[PDB]
2 protein chains.
Amino acid sequence: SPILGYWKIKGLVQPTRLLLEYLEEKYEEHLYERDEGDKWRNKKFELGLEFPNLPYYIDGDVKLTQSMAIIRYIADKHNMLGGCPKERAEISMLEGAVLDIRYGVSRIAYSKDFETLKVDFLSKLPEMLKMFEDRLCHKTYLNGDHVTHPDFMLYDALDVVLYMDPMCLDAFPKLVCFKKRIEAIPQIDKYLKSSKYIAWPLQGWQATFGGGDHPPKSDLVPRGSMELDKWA
Amino acid sequence: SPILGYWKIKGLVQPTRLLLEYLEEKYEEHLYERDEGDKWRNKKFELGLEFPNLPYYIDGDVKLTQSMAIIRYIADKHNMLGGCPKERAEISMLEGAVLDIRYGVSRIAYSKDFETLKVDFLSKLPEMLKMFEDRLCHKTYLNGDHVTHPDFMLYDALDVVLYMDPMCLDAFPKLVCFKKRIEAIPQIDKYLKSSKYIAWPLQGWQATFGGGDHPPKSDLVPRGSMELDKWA
Ligand SMILES: N[C@H](CCC(=O)N[C@@H](CS)C(=O)NCC(=O)O)C(=O)O
Ligand SMILES: N[C@H](CCC(=O)N[C@@H](CS)C(=O)NCC(=O)O)C(=O)O
């Protein structure tokens with residue numbers, strides 16, 4: 001199989017994992033664990049990479065790095081990246097828009113003073129999401145009725161964002177419908193329910209959000225109602 | 001012409017600007033100025049965008065947003081994105097690796113306590129760059145002897161990084177050779193020396209680095225030599 005390295009985190013790779021699955025493609029993962037980072041430094045220069053970074057993708061021919069480079073390579077192999085220039089460009093538009101929410105969590109995630117940051121980013125969230133809620137206007141998926149790589153990306157993004165505020169998605173039904181429809185894939189279904197599936201962490205174990213070492217209780221403030229009532 | 005919006009900043013668009021030039025492609029820019037941001041909000045929802053964000057690219061057919069989506073669309077139109085899947089994937093590997101340095105400046109740029117941040121990021125710089133200095137091993141450019149979209153990207157990245165520490169590039173000759181070779185293009189040459197060329201800011205005018213409103217003197221510390229001597 002094509003060999004793939006990452007940390008035992010959802011992180012950047014979750015979407016390529018998801019995509020690898022849905023294609024019924026034999027792949028072998030190289031999963032580094034928090035302590036294991038020792039093992040990384042040595043192999044960091046050995047396995048003939050050109051831009052040695054994680055996540056990596058070893059194959060017969062291709063010897064790749066860079067998260068987009070990996071995903072696009074699987075979907076491209078498969079005829080999913082698009083036919084006609086303009087379409088191919090729309091796909092990456094979707095990709096880009098996706099990666100703002102998911103990279104948006106990333107760019108806050110580790111900052112100690114998360115609590116305060118969360119606020120500002122979340123303020124903007126409803127706008128970013130409406131974009132998709134609107135693009136899901138009489139669509140099964142992002143870019144018509146077939147899956148595309150960015151569908152799993154909005155999925156890793158939505159999966160991520162629910163961990164900030166589980167309620168954030170109630171204002172956008174079609175998005176919730178989207179998450180239900182993705183998982184309804186027999187391939188998505190069985191996966192999320194297997195040994196292989198990395199359910200956490202969401203970020204590197206150092207991270208203030210989607211981090212620590214185990215699935216998330218509070219670390220916060222709620223707001224719910226005036227004095228001592230409503231505590232989500 | 002295909003119409004393109006941004007701020008009167010180098011920023012994200014500098015590379016698409018550079019690429020648009022080298023292709024001898026008629027384009028009309030829509031450049032918003034610092035005060036002008038008023039004009040943005042109204043047109044933000046009017047001009048039939050799907051993911052209304054800056055930079056935008058209006059054409060006959062395509063109505064696009066997202067910085068990668070724009071660049072890749074010009075080069076794709078032109079047969080530059082790659083022939084065979086693996087190659088196309090290497091291109092975006094290059095793209096990705098590029099965008100770590102350039103996004104690396106971005107993610108520090110605005111933080112008030114730049115001075116301190118700069119340190120850490122710069123620490124890592126020589127590693128990131130060696131990658132390219134090595135990939136320039138008996139190459140004219142990134143990915144052989146033809147230009148590719150990422151060549152302008154390493155250019156916008158190197159152009160950017162010299163503004164932190166002008167010396168950072170002395171350890172990597174081939175990179176300096178690269179910058180000389182890019183600019184040697186009659187199209188790059190004439191451009192950088194025209195009315196059209198946005199020489200500054202580098203970031204949004206709010207930014208602590210590559211910002212303010214005008215080309216950069218100090219705001220810093222040097223280190224040069226022990227007590228009061230060597231002040232770069
Ligand atoms: N922009 C990322 C580059 C990767 C990244 O910055 N690396 C992380 C992923 S969690 C890693 O932990 N890097 C360790 C390293 O430098 O060796 C991509 O496209 O994959
Ligand atoms: N990730 C960027 C998205 C753009 C971005 O975050 N926008 C900046 C570029 S300086 C802008 O100022 N945005 C204003 C807006 O939200 O309308 C891309 O691919 O183009």
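Reminder, nothing fancy here: chain letters follow the sequence lines and each chain counts from 1. Side chains included, hydrogens not; waters and symmetry mates left out as well; all remaining heavy atoms used. Start at 1 and go down the list; that is how both ligands and their atoms are numbered.
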Return the closest protein heavy atom for [atom] as residue, atom name and distance.
atom: atom 19 (O) of ligand 1; value: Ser67(A) OG, 2.7 Å
atom: atom 3 (C) of ligand 1; value: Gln66(A) OE1, 3.1 Å
atom: atom 1 (N) of ligand 1; value: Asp100(B) OD1, 3.5 Å
atom: atom 10 (S) of ligand 1; value: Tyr6(A) OH, 3.0 Å

Might you work through the side-chain contact (heavy atoms from CB on, under 4.5 Å) test for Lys77(A) and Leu23(A), ending with a clear yes or no?
CA-CA 11 Å; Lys77(A) 277 312 301 133; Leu23(A) 279 153; over 6 Å; no
So, is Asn53(B) polar-close to ligand 2, with some N/O to N/O distance under 3.5 Å?
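Among all N and O atoms of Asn53(B), at least one is under 3.5 Å from an N or O of ligand 2.
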Report yes if some N/O of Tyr103(B) lies less than 3.5 Å from some N/O of ligand 2; otherwise report no.
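No, since none of the N or O atoms of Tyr103(B) sits under 3.5 Å from an N or O of ligand 2.
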Strictly by modelled atom types, are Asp151(A) and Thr148(A) linked by a side-chain donor-acceptor pair under 3.5 Å?
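Yes, because at least one side-chain N or O of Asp151(A) sits under 3.5 Å from a partner of the opposite role on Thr148(A).
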Backbone or side chain, does any N or O of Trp7(A) fall under 3.5 Å from an N or O of ligand 1?
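Among all N and O atoms of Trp7(A), at least one is under 3.5 Å from an N or O of ligand 1.
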Applying the side-chain contact (heavy atoms from CB on, under 4.5 Å) criterion to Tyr22(B), which one of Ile74(B), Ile182(B), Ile188(B) satisfies it?
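So the option named by the test is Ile188(B).
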Check each atom of ligand 1 against the heavy atoms of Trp40(A) and keep those under 4.0 Å away; list them by number with element.
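That gives atoms 17 (O) of ligand 1.
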Which of the numbered atoms in ligand 1 are under 4.0 angstrom from any heavy atom belonging to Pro55(A)?
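The list of qualifying atoms is 20 (O).
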Looking at ligand 1, would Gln203(A) count as a contact under a 4.0 Å heavy-atom criterion?
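No.
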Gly11(A) near ligand 1 by a heavy-atom separation under 4.0 Å:
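Contact check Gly11(A) vs ligand 1: negative.
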Under the ring pair (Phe, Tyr, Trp, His ring centres under 6.0 Å) rule, what do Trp40(A) and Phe45(A) come out as? Steps first, then yes or no, please.
CA-CA 9 Å; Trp40(A) 190 232; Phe45(A) 297 102; 8.5 Å; no
With a cut-off of 6.0 Å (strictly less than), are more than 12 heavy atoms of other residues, nucleotides or ligands near NZ of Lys130(A)?
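No.
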I'd like to know whether NZ of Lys86(B) has more than 12 heavy-atom contacts from other residues, nucleotides or ligands below 6.0 angstrom.
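Counting other residues, nucleotides and ligands, NZ of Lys86(B) stays at 12 neighbours or fewer.
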Distance under 6.0 Å and angle within 45° of the ring axis: does [X] meet both against [Y]?
X: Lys196(A); Y: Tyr27(A); result: yes
X: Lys63(A); Y: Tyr57(A); result: no
X: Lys8(A); Y: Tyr32(A); result: no

Ligand-residue contact atoms, ligand 2 with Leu12(B), heavy atoms, under 4.0 Å
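It comes down to these atoms of ligand 2: 2 (C), 9 (C), 18 (C), 20 (O).
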Heavy atom of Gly204(B) under 4.0 Å from ligand 2?
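Judged by the 4.0 Å heavy-atom criterion, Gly204(B) does not count as contacting ligand 2.
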Which of these, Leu54(B), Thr16(B), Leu99(A), has its nearest heavy atom closest to atom 4 (C) of ligand 2?
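Among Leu54(B), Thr16(B), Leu99(A), the closest heavy atom to atom 4 (C) of ligand 2 comes from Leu54(B).
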